Amino acid sequence: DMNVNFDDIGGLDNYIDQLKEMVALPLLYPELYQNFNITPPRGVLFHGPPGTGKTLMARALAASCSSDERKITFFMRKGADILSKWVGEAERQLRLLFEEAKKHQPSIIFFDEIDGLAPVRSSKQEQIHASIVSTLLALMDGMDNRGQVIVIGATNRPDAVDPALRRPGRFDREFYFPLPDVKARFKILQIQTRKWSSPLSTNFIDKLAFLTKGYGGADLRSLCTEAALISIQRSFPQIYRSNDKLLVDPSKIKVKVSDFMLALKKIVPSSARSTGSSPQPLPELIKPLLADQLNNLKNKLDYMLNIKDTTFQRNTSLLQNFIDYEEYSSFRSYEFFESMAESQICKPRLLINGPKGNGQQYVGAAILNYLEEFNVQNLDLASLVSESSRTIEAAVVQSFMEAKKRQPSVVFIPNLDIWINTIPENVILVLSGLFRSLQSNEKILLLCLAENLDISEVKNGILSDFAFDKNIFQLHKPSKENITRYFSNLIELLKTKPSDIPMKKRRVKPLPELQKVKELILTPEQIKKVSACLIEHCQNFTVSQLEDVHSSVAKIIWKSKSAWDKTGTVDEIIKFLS
Amino acid sequence: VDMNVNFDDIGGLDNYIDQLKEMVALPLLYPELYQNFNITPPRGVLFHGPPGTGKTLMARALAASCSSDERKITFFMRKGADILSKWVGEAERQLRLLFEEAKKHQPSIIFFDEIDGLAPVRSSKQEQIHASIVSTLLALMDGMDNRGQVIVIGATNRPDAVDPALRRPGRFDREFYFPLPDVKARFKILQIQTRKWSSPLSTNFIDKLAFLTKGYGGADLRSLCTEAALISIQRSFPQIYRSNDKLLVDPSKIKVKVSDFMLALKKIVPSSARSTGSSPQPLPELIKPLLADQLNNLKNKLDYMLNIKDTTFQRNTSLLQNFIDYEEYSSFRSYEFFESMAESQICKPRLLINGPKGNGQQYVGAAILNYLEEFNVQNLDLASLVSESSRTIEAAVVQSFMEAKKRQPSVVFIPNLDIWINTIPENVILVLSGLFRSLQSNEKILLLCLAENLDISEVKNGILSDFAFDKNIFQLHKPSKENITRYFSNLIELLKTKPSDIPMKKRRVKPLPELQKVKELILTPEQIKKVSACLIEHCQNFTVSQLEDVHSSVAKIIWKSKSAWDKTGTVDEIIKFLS
Ligand SMILES: Nc1ncnc2c1ncn2[C@@H]1O[C@H](COP(=O)(O)OP(=O)(O)O)[C@@H](O)[C@H]1O
Ligand SMILES: Nc1ncnc2c1ncn2[C@@H]1O[C@H](COP(=O)(O)OP(=O)(O)O)[C@@H](O)[C@H]1O
């Protein structure tokens with residue numbers, strides 16, 4: 001518990017406004033609930049992925065509603081911390097909790113990890129957990145008409161809470177705390193790196209927000225902490241050898257770009273610990289080879305999914321939309337314009353077909369990194385047959401159901417050429433019947449990537465019932481300008497100096513103790529000959545063959561990283577490409 | 001179980017010692033640096049690795065080493081799910097009282113040994129009795145109130161059996177892989193266990209023990225030194241094993257020789273041999289003439305494939321010693337460009353070793369896996385896939401590849417590929433090929449397959465065409481004349497020995513003291529040349545298995561007459577056998 005105000009939470013302004021409403025307006029403006037015979041909303045259920053800001057929202061509601069002109073007291077009970085081996089002493093300890101929260105009315109109650117305290121309806125296990133959920137229903141249903149007991153509940157899996165506790169009288173509003181996008185991760189990184197003695201450039205924070213996809217709110221905090229710790233390790237290492245306190249001085253500890261870029265390589269986000277990785281953007285080496293034809297593949301995805309407009313809820317908040325904008329013949333016209341706004345999506349399908357090894361694993365990852373607000377459901381082989389209990393049928397059906405719950409979704413099938421051979425025809429037809437039983441306005445994009453997929457399989461074959469009619473994009477091999485830029489990026493390492501490479505040198509003097517209180521020869525005929533042989537050898541090559549040539553020439557270049565006579569390196573590059 | 005074991009007792013984990021000092025000791029001494037950036041220290045590490053690696057030792061040494069000053073650190077320790085009872089109550093209540101007493105004595109370390117039994121994965125049935133414990137653990141570790149300076153350490157064999165909500169910042173933000181130690185760390189562990197001893201061993205003997213103990217963990221090295229000391233006690237004073245009264249011995253002249261360690265290495269089966277995959281070990285000294293000419297070439301090929309001897313970037317063994325001994329030195333064009341051009345040397349590391357039937361592939365695979373010491377070997381052989389009877393083939397292949405995807409220097413190892421592509425189902429090869437083509441180029445997952453008489457038509461237009469075995473096919477050719485000459489020259493060196501050189505043990509002339517209770521060898525050099533010529537001419541165009549058959553068949557004849565001084569009968573029997 002700290003003095004966390006609401007200006008230490010980034011990206012959740014709408015739920016901040018709704019909580020400020022339900023904690024201020026039924027006690028500051030009481031009259032407005034009489035002319036409409038309505039009760040104020042009583043219960044709210046916070047749910048979402050871990051490290052998003054649920055407990056931060058409860059702590060900020062505790063801190064902000066504690067001031068001079070009004071007192072609001074906070075009662076917290078953790079997950080199943082109220083039960084004991086005594087039979088009905090848990091019922092006593094819950095009833096007395098609501099009694100002290102009732103004889104007070106500054107009280108608001110919070111149940112962290114409600115899915116362990118109040119699980120689903122008990123088919124077996126008629127023990128004290130069912131009595132706990134029955135007394136919780138019977139105790140928070142009503143003992144006050146229009147009272148002051150807001151019961152906040154935090155969980156990770158909201159489907160594990162009892163459905164009898166998810167109703168319009170108890171846990172009314174259900175809030176989803178989403179993993180932040182780029183604009184919100186920018187604000188979280190400014191909230192963390194705010195009171196530092198030397199702040200960061202905003203272009204660098206934009207690059208950090210671009211790099212940290214899949215990072216929660218806690219993982220950005222961990223990245224900032226690890227960058228500060230690497231800066232303390234880099235500035236004053238001598239405090240890692242003494243067992244007694246030394247005298248170091250702050251304001252020489254500045255957090256550079258290298259500390260963040262080294263802290264990024266060791267922090268895995270919580271959405272990639274049991275997955276291994278996250279969909280990363282297109283890497284900087286092969287960006288000359290594929291970003292000429294990824295941008296087109298972005299534009300089609302900007303044309304069949306309506307991403308760049310986002311005509312519903314484009315701004316930060318709904319109340320801010322009522323402040324800075326003016327509203328507008330509302331009965332037929334609203335239905336008509338909402339129908340024509342939602343009718344811009346027919347059936348989002350995309351099959352990205354190319355030759356073998358033409359960078360499909362980069363294009364799929366770059367597209368899944370580009371689609372920020374989408375619930376990606378992977379139908380690859382390593383996610384379907386990973387479990388030894390569920391069948392391929394049940395896995396495909398459950399993944400499509402999770403794609404149907406969270407409505408902007410991407411069903412993602414990489415290596416469709418393998419997927420139409422490993423997966424039997426029954427599961428492909430089950431997925432086809434699931435995709436034909438959807439409305440047209442449903443935002444479930446079926447994305448597919450394949451290598452050497454014959455069009456006879458998608459126009460009259462097994463995939464002919466997925467409607468890949470005009471939505472087949474063709475990754476073709478990179479052209480001569482792309483290969484020229486790729487190998488100019490390669491050749492610029494042959495031109496760099498042996499003193500310009502970042503070879504770390506040993507310090508000639510030891511570290512200070514603390515108080516215990518020549519131009520290389522490269523004639524431009526050789527560079528043009530290396531350019532011409534690298535262009536002529538990689539004629540009609542795919543991306544994997546170009547990376548093979550790039551690695552094979554970069555080994556020869558990195559062997560002579562200290563030499564100045566670069567003639568033998570050029571001759572070995574000539575000799576390899578023959 | 002919280003002894004005086006500190007940080008000089010652990011050997012070979014010098015990188016995690018710096019981070020555990022960074023998150024336990026250094027916040028206590030320097031709170032002004034952590035409050036300068038408004039950062040909390042990282043609190044809570046999940047130790048994971050093979051069993052017998054040093055997790056509990058690291059926890060106890062963290063509890064005892066940072067408490068040498070007058071800033072005491074209490075060490076609460078919990079065995080793996082010993083906290084739950086037959087009722088619903090005490091399982092959450094005891095964790096409540098544990099975290100409250102850890103809150104009270106504020107610098108504290110809670111150590112959950114074997115946390116995979118306390119916080120298991122949410123299964124299909126039997127939800128309640130573990131989810132009600134996971135819920136109170138998650139709500140107590142990173143709750144709304146400040147937990148204080150409670151450093152939570154968990155320890156496990158595999159981290160996937162822990163719940164993923166625990167593997168999250170604020171609770172288990174750091175995950176430390178404790179590796180089976182390399183030869184320098186095994187040297188340091190052997191130096192640590194043989195440090196208190198009265199007659200210490202030499203340096204080169206500990207070096208030879210560090211080479212001989214490949215695959216051993218730390219606990220196996222401790223058991224080796226314990227069994228060597230016990231065999232030394234059995235060798236010096238046997239009579240204490242027969243009396244029931246305490247005899248008077250002196251704890252001198254009981255020094256551990258080499259012959260005690262050489263028996264302890266036979267009494268100890270390591271955790272590498274208990275596994276079902278191919279145990280990495282060097283080429284044995286018999287067949288090292290036959291194969292080390294064409295193993296070295298493979299090493300050279302791997303040195304051009306994985307950049308082992310070219311390590312200027314990604315040399316992170318210890319970042320703090322890197323910041324101590326070295327020195328720093330626009331921003332993108334000096335770091336990111338050169339890191340990309342150093343990572344862009346690994347394109348697609350594959351290697352298919354293909355020789356005739358019986359040409360020593362079971363030795364070449366283990367020797368390559370011994371050479372790749374800093375790699376993570378994941379065996380995709382048949383026995384490791386079918387050994388876990390609950391898993392399927394597909395799930396085991398996907399699990400091994402996903403374990404190889406993390407800890408990125410890794411080797412996916414398929415021995416007996418000719419058996420593998422004939423007995424694994426056809427969809428599993430496509431699953432593995434889709435997992436390999438869904439990798440980036442710069443990922444160091446080497447695919448190492450060894451095969452016996454595999455057709456090139458199967459890797460050209462077959463079911464292994466989607467693995468890119470184009471240039472990376474190495475042919476183990478049959479061993480040449482000089483290798484066979486050196487092999488049988490060692491055999492001949494066995495033949496021309498004297499029976500006084502052949503080690504026969506003793507029969508002692510006097511019994512042990514009770515304790516106070518409280519000819520010339522006739523073998524002409526022409527016969528040696530005849531036997532060597534017959535061994536060479538008989539083993540024409542043979543493999544390693546046929547050469548070992550001939551070697552065993554001749555070694556039996558030589559060890560028949562190991563006491564005879566007239567070696568003409570055994571030469572006649574050797575020449576009679578090879579006809
Ligand atoms: N939306 C956010 N904005 C800023 N910081 C956040 C946000 N979400 C989480 N954090 C950081 O994460 C920590 C709290 O997250 P946590 O309470 O662990 O969420 P949850 O309970 O959902 O896992 C705080 O230290 C805070 O700095
Ligand atoms: N890295 C190491 N350095 C020194 N000794 C070790 C190391 N690893 C293990 N040991 C020895 O092995 C013994 C048992 O280790 P243990 O705590 O059982 O590890 P784990 O819990 O991982 O099996 C310890 O008493 C220790 O002396």
# chains A, B, ... in the order shown; residues from 1 in each chain; ligands from 1
>>> closest_atom_pairs(of="chain A", to="ligand 1", cutoff="9 Å", atoms="only C-alpha atoms and all ligand atoms", output="CSV")
residue,atom,partner,partner_atom_place_in_ligand_line,distance
A:7,CA,ligand 1,4 (C),8.8
A:8,CA,ligand 1,4 (C),5.7
A:9,CA,ligand 1,3 (N),3.8
A:10,CA,ligand 1,3 (N),4.1
A:11,CA,ligand 1,1 (N),5.7
A:12,CA,ligand 1,1 (N),6.4
A:46,CA,ligand 1,22 (O),8.6
A:47,CA,ligand 1,22 (O),7.9
A:48,CA,ligand 1,22 (O),7.1
A:49,CA,ligand 1,22 (O),6.8
A:50,CA,ligand 1,23 (O),4.1
A:51,CA,ligand 1,23 (O),3.4
A:52,CA,ligand 1,8 (N),4.2
A:53,CA,ligand 1,8 (N),3.5
A:54,CA,ligand 1,22 (O),4.2
A:55,CA,ligand 1,17 (O),4.0
A:56,CA,ligand 1,17 (O),4.8
A:57,CA,ligand 1,17 (O),7.9
A:58,CA,ligand 1,17 (O),8.7
A:59,CA,ligand 1,17 (O),8.5
A:112,CA,ligand 1,21 (O),8.2
A:113,CA,ligand 1,21 (O),9.0
A:154,CA,ligand 1,21 (O),7.7
A:155,CA,ligand 1,22 (O),8.0
A:156,CA,ligand 1,22 (O),7.7
A:177,CA,ligand 1,22 (O),8.0
A:179,CA,ligand 1,1 (N),8.6
A:180,CA,ligand 1,1 (N),7.6
A:184,CA,ligand 1,1 (N),7.9
A:185,CA,ligand 1,3 (N),8.2
A:187,CA,ligand 1,3 (N),7.6
A:188,CA,ligand 1,4 (C),4.8
A:189,CA,ligand 1,4 (C),7.9
A:191,CA,ligand 1,4 (C),6.4
A:192,CA,ligand 1,27 (O),7.1
A:216,CA,ligand 1,8 (N),6.8
A:217,CA,ligand 1,9 (C),3.6
A:218,CA,ligand 1,12 (O),3.8
A:219,CA,ligand 1,12 (O),7.5
A:220,CA,ligand 1,11 (C),7.6
A:221,CA,ligand 1,27 (O),5.8
A:222,CA,ligand 1,12 (O),8.7
>>> residues_near_ligand(ligand="ligand 2", cutoff="9 Å", atoms="only C-alpha atoms and all ligand atoms", output="PyMOL selection string")
chain B and resi 5+8-13+47-60+113-114+155-157+178-181+185-186+188-190+192-193+217-223
>>> write_last_selection(atoms="N, CA and C atoms", output="short mmCIF file (atom, residue, chain, number, x, y, z; two decimals), in the first residue's frame")
data_model
loop_
_atom_site.label_atom_id
_atom_site.label_comp_id
_atom_site.auth_asym_id
_atom_site.auth_seq_id
_atom_site.Cartn_x
_atom_site.Cartn_y
_atom_site.Cartn_z
N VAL B 5 27.62 -22.99 5.23
CA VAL B 5 28.07 -23.21 3.87
C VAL B 5 27.94 -21.84 3.29
N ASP B 8 31.93 -19.45 -0.91
CA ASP B 8 33.13 -20.14 -1.34
C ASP B 8 32.96 -21.65 -1.37
N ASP B 9 31.81 -22.15 -0.94
CA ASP B 9 31.49 -23.57 -1.02
C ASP B 9 30.91 -23.93 -2.38
N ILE B 10 30.23 -23.00 -3.03
CA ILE B 10 29.66 -23.22 -4.35
C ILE B 10 30.72 -22.93 -5.40
N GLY B 11 30.76 -23.77 -6.44
CA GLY B 11 31.71 -23.58 -7.51
C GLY B 11 31.09 -23.66 -8.88
N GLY B 12 31.31 -22.63 -9.69
CA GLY B 12 30.86 -22.63 -11.06
C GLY B 12 29.55 -21.94 -11.32
N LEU B 13 28.99 -21.26 -10.34
CA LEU B 13 27.77 -20.48 -10.50
C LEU B 13 28.03 -19.03 -10.13
N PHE B 47 14.71 -21.21 -9.02
CA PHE B 47 15.85 -22.02 -9.41
C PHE B 47 15.33 -23.27 -10.12
N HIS B 48 15.91 -23.58 -11.27
CA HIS B 48 15.52 -24.79 -11.97
C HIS B 48 16.71 -25.34 -12.73
N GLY B 49 16.77 -26.67 -12.80
CA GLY B 49 17.85 -27.34 -13.48
C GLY B 49 17.76 -28.84 -13.29
N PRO B 50 18.78 -29.57 -13.73
CA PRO B 50 18.84 -31.00 -13.47
C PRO B 50 19.02 -31.27 -11.99
N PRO B 51 18.62 -32.44 -11.50
CA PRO B 51 18.78 -32.73 -10.07
C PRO B 51 20.23 -32.99 -9.72
N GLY B 52 20.69 -32.40 -8.63
CA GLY B 52 22.07 -32.53 -8.21
C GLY B 52 22.94 -31.45 -8.81
N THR B 53 22.52 -30.20 -8.65
CA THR B 53 23.18 -29.09 -9.31
C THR B 53 23.53 -27.94 -8.38
N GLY B 54 22.83 -27.76 -7.26
CA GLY B 54 23.24 -26.76 -6.31
C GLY B 54 22.19 -25.72 -5.95
N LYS B 55 20.91 -26.07 -6.07
CA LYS B 55 19.85 -25.12 -5.78
C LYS B 55 19.68 -24.89 -4.28
N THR B 56 19.53 -25.97 -3.52
CA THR B 56 19.41 -25.86 -2.07
C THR B 56 20.70 -25.34 -1.44
N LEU B 57 21.85 -25.71 -2.02
CA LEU B 57 23.13 -25.17 -1.57
C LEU B 57 23.20 -23.67 -1.78
N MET B 58 22.70 -23.19 -2.92
CA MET B 58 22.70 -21.76 -3.19
C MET B 58 21.75 -21.01 -2.27
N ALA B 59 20.61 -21.63 -1.94
CA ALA B 59 19.68 -21.00 -1.00
C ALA B 59 20.27 -20.90 0.40
N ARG B 60 20.90 -21.98 0.88
CA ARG B 60 21.49 -21.96 2.21
C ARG B 60 22.70 -21.03 2.28
N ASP B 113 11.43 -25.43 -1.42
CA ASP B 113 12.03 -26.55 -2.13
C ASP B 113 10.93 -27.41 -2.71
N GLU B 114 11.11 -27.81 -3.97
CA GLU B 114 10.16 -28.61 -4.75
C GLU B 114 8.78 -27.95 -4.79
N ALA B 155 12.45 -23.73 -5.85
CA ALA B 155 13.40 -24.62 -6.50
C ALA B 155 12.63 -25.78 -7.12
N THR B 156 13.01 -26.16 -8.33
CA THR B 156 12.30 -27.23 -9.03
C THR B 156 13.23 -27.91 -10.02
N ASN B 157 12.79 -29.07 -10.50
CA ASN B 157 13.48 -29.80 -11.55
C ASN B 157 13.06 -29.30 -12.93
N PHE B 178 20.27 -23.69 -13.45
CA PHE B 178 21.49 -24.21 -12.86
C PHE B 178 21.99 -25.34 -13.76
N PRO B 179 23.11 -25.18 -14.46
CA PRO B 179 23.53 -26.20 -15.41
C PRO B 179 24.45 -27.24 -14.79
N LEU B 180 24.39 -28.44 -15.36
CA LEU B 180 25.36 -29.48 -15.05
C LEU B 180 26.75 -28.98 -15.39
N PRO B 181 27.70 -29.03 -14.46
CA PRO B 181 28.89 -28.19 -14.56
C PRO B 181 29.88 -28.66 -15.61
N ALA B 185 34.23 -25.93 -13.68
CA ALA B 185 33.41 -25.98 -12.48
C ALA B 185 33.50 -27.33 -11.79
N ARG B 186 33.68 -28.41 -12.56
CA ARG B 186 33.91 -29.71 -11.93
C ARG B 186 35.27 -29.77 -11.25
N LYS B 188 36.60 -27.11 -9.85
CA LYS B 188 36.44 -26.32 -8.63
C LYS B 188 35.63 -27.06 -7.57
N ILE B 189 34.64 -27.85 -7.98
CA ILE B 189 33.87 -28.65 -7.02
C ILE B 189 34.74 -29.74 -6.41
N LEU B 190 35.56 -30.40 -7.24
CA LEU B 190 36.49 -31.41 -6.72
C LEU B 190 37.56 -30.79 -5.83
N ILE B 192 36.90 -28.20 -3.93
CA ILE B 192 36.19 -27.78 -2.73
C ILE B 192 35.92 -28.97 -1.82
N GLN B 193 35.52 -30.12 -2.38
CA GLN B 193 35.22 -31.28 -1.56
C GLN B 193 36.48 -31.92 -0.98
N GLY B 217 27.09 -34.32 -11.84
CA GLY B 217 26.65 -33.11 -11.18
C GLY B 217 27.52 -32.81 -9.98
N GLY B 218 27.06 -31.88 -9.16
CA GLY B 218 27.79 -31.56 -7.95
C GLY B 218 27.60 -32.61 -6.87
N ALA B 219 26.38 -33.12 -6.76
CA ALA B 219 26.08 -34.16 -5.79
C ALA B 219 26.78 -35.47 -6.15
N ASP B 220 26.93 -35.75 -7.44
CA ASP B 220 27.67 -36.93 -7.86
C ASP B 220 29.15 -36.79 -7.56
N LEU B 221 29.70 -35.57 -7.66
CA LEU B 221 31.10 -35.37 -7.29
C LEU B 221 31.31 -35.48 -5.79
N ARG B 222 30.34 -35.02 -5.00
CA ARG B 222 30.41 -35.21 -3.55
C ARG B 222 30.32 -36.69 -3.18
N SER B 223 29.44 -37.44 -3.85
CA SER B 223 29.33 -38.87 -3.60
C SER B 223 30.57 -39.61 -4.05
#
>>> interface_residues(of="chain A", to="chain B", cutoff="6 Å", atoms="only C-alpha atoms", output="ChimeraX atom specification")
/A:1,78-79,84-85,113,116,196,218,225,234,270,361,382,385-386,388,422,505-507,548,551
>>> write_last_selection(atoms="N, CA and C atoms", output="mmCIF file, in the first residue's frame")
data_model
loop_
_atom_site.group_PDB
_atom_site.id
_atom_site.type_symbol
_atom_site.label_atom_id
_atom_site.label_comp_id
_atom_site.auth_asym_id
_atom_site.auth_seq_id
_atom_site.Cartn_x
_atom_site.Cartn_y
_atom_site.Cartn_z
ATOM 1 N N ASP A 1 0.837 -1.192 0.000
ATOM 2 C CA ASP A 1 0.000 0.000 0.000
ATOM 3 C C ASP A 1 0.875 1.247 0.000
ATOM 4 N N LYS A 78 -7.729 -11.559 1.044
ATOM 5 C CA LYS A 78 -7.034 -12.262 -0.022
ATOM 6 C C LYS A 78 -7.744 -13.576 -0.343
ATOM 7 N N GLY A 79 -7.183 -14.328 -1.285
ATOM 8 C CA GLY A 79 -7.851 -15.503 -1.812
ATOM 9 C C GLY A 79 -7.915 -16.675 -0.858
ATOM 10 N N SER A 84 -10.752 -21.656 7.742
ATOM 11 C CA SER A 84 -9.899 -22.366 8.681
ATOM 12 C C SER A 84 -10.480 -23.755 8.898
ATOM 13 N N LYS A 85 -9.797 -24.549 9.728
ATOM 14 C CA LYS A 85 -10.231 -25.921 9.962
ATOM 15 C C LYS A 85 -11.493 -25.988 10.809
ATOM 16 N N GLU A 113 -7.962 -12.592 -5.943
ATOM 17 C CA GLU A 113 -8.022 -14.006 -6.328
ATOM 18 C C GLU A 113 -9.330 -14.646 -5.856
ATOM 19 N N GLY A 116 -10.302 -18.677 -6.201
ATOM 20 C CA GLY A 116 -9.971 -19.699 -5.231
ATOM 21 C C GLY A 116 -10.886 -19.643 -4.027
ATOM 22 N N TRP A 196 13.445 9.899 -12.427
ATOM 23 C CA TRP A 196 14.869 9.677 -12.608
ATOM 24 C C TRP A 196 15.578 11.015 -12.777
ATOM 25 N N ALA A 218 3.681 -4.979 -15.324
ATOM 26 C CA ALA A 218 4.741 -5.401 -14.419
ATOM 27 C C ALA A 218 6.041 -5.672 -15.155
ATOM 28 N N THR A 225 13.601 -1.530 -13.940
ATOM 29 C CA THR A 225 14.405 -1.926 -12.789
ATOM 30 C C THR A 225 15.701 -2.601 -13.212
ATOM 31 N N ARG A 234 27.346 -1.166 -13.980
ATOM 32 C CA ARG A 234 28.320 -0.624 -14.917
ATOM 33 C C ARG A 234 29.063 0.570 -14.340
ATOM 34 N N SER A 270 5.524 -12.130 -19.410
ATOM 35 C CA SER A 270 4.735 -13.176 -18.773
ATOM 36 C C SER A 270 3.844 -13.912 -19.757
ATOM 37 N N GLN A 361 8.206 -17.223 -42.232
ATOM 38 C CA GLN A 361 8.234 -17.166 -40.776
ATOM 39 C C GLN A 361 8.496 -15.760 -40.258
ATOM 40 N N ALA A 382 2.423 -27.350 -33.283
ATOM 41 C CA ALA A 382 3.019 -27.348 -31.954
ATOM 42 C C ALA A 382 2.075 -26.862 -30.863
ATOM 43 N N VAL A 385 -1.217 -30.565 -31.037
ATOM 44 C CA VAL A 385 -0.828 -31.870 -30.526
ATOM 45 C C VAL A 385 0.195 -31.745 -29.395
ATOM 46 N N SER A 386 0.297 -30.565 -28.782
ATOM 47 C CA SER A 386 1.189 -30.387 -27.643
ATOM 48 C C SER A 386 0.696 -31.156 -26.426
ATOM 49 N N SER A 388 -1.320 -34.306 -24.599
ATOM 50 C CA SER A 388 -1.541 -35.721 -24.860
ATOM 51 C C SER A 388 -2.914 -36.195 -24.406
ATOM 52 N N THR A 422 -0.710 -33.196 -42.045
ATOM 53 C CA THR A 422 -0.727 -33.757 -40.701
ATOM 54 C C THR A 422 -2.142 -33.825 -40.149
ATOM 55 N N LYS A 505 38.099 -3.691 -25.187
ATOM 56 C CA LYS A 505 39.502 -3.778 -24.817
ATOM 57 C C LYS A 505 39.638 -3.835 -23.303
ATOM 58 N N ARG A 506 40.673 -4.530 -22.841
ATOM 59 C CA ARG A 506 40.947 -4.602 -21.414
ATOM 60 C C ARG A 506 41.468 -3.261 -20.922
ATOM 61 N N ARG A 507 41.054 -2.880 -19.718
ATOM 62 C CA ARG A 507 41.492 -1.614 -19.150
ATOM 63 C C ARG A 507 42.967 -1.692 -18.765
ATOM 64 N N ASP A 548 22.018 -17.550 -46.535
ATOM 65 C CA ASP A 548 23.147 -18.479 -46.573
ATOM 66 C C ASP A 548 24.385 -17.801 -47.149
ATOM 67 N N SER A 551 25.631 -15.162 -44.537
ATOM 68 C CA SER A 551 26.393 -15.742 -43.434
ATOM 69 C C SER A 551 27.761 -16.226 -43.895
#
>>> select_by_dssp(residues="segment 314-445 of chain A", states="alpha helix (DSSP H)", output="PyMOL selection string")
chain A and resi 318-324+332-342+360-370+381-384+392-405+416-422+425-435
>>> residues_around(residues="segment 132-140 of chain A", least_positions_apart="4", cutoff="8 Å", atoms="only C-alpha atoms", output="list in words")
residues 90, 91, 94, 95, 98, 117, 118, 119, 128, 162, 164, 165 and 170 of chain A
>>> write_last_selection(atoms="N, CA, C and O atoms", output="short mmCIF file (atom, residue, chain, number, x, y, z; two decimals), in the first residue's frame")
data_model
loop_
_atom_site.label_atom_id
_atom_site.label_comp_id
_atom_site.auth_asym_id
_atom_site.auth_seq_id
_atom_site.Cartn_x
_atom_site.Cartn_y
_atom_site.Cartn_z
N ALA A 90 -15.42 -19.72 9.36
CA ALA A 90 -15.24 -18.94 8.15
C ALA A 90 -16.49 -18.14 7.82
O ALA A 90 -16.40 -16.98 7.38
N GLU A 91 -17.66 -18.73 8.05
CA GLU A 91 -18.92 -18.02 7.86
C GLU A 91 -19.03 -16.88 8.86
O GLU A 91 -19.50 -15.78 8.52
N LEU A 94 -16.61 -14.07 7.75
CA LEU A 94 -17.11 -13.31 6.61
C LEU A 94 -18.29 -12.43 7.00
O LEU A 94 -18.39 -11.28 6.54
N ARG A 95 -19.18 -12.94 7.86
CA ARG A 95 -20.34 -12.17 8.28
C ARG A 95 -19.94 -11.00 9.16
O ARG A 95 -20.51 -9.91 9.04
N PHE A 98 -18.53 -8.29 6.78
CA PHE A 98 -19.57 -7.47 6.17
C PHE A 98 -20.31 -6.63 7.21
O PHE A 98 -20.82 -5.56 6.88
N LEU A 117 -11.33 -18.44 -3.68
CA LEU A 117 -12.27 -18.29 -2.57
C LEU A 117 -13.68 -18.70 -2.98
O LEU A 117 -14.40 -19.29 -2.17
N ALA A 118 -14.07 -18.42 -4.21
CA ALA A 118 -15.41 -18.73 -4.70
C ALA A 118 -15.32 -19.43 -6.04
O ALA A 118 -15.48 -18.81 -7.10
N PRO A 119 -15.08 -20.74 -6.05
CA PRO A 119 -15.00 -21.47 -7.32
C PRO A 119 -16.37 -21.76 -7.91
O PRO A 119 -17.39 -21.28 -7.41
N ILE A 128 -16.85 -27.00 2.79
CA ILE A 128 -16.99 -25.63 3.29
C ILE A 128 -16.85 -24.57 2.18
O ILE A 128 -17.32 -23.44 2.36
N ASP A 162 -17.85 -18.50 -9.69
CA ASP A 162 -19.19 -19.09 -9.73
C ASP A 162 -20.11 -18.23 -10.59
O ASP A 162 -20.11 -17.00 -10.44
N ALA A 164 -23.24 -18.01 -10.34
CA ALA A 164 -24.21 -17.44 -9.42
C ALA A 164 -23.70 -16.18 -8.73
O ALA A 164 -24.50 -15.44 -8.15
N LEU A 165 -22.39 -15.93 -8.77
CA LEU A 165 -21.82 -14.68 -8.30
C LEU A 165 -21.59 -13.70 -9.45
O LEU A 165 -21.10 -12.59 -9.22
N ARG A 170 -25.07 -8.92 -8.11
CA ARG A 170 -23.80 -9.18 -7.43
C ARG A 170 -22.73 -9.39 -8.49
O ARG A 170 -22.86 -10.29 -9.32
#
>>> atom_distance(atom1="atom CA of residue 392 of chain A", atom2="atom CA of residue 161 of chain A")
27.8 Å
>>> residues_around(residues="residue 211 of chain B", least_positions_apart="2", cutoff="12 Å", atoms="only C-alpha atoms", output="list in words")
residues 181, 182, 183, 184, 185, 186, 187, 190, 204, 205, 206, 207, 208, 209, 213, 214, 215, 216, 281, 282 and 370 of chain B
>>> atom_distance(atom1="atom CA of residue 533 of chain A", atom2="atom CA of residue 309 of chain B")
28.6 Å
>>> residues_around(residues="residue 361 of chain B", least_positions_apart="3", cutoff="8 Å", atoms="only C-alpha atoms", output="list in words")
residues 355, 358, 364, 365, 450, 451 and 452 of chain B
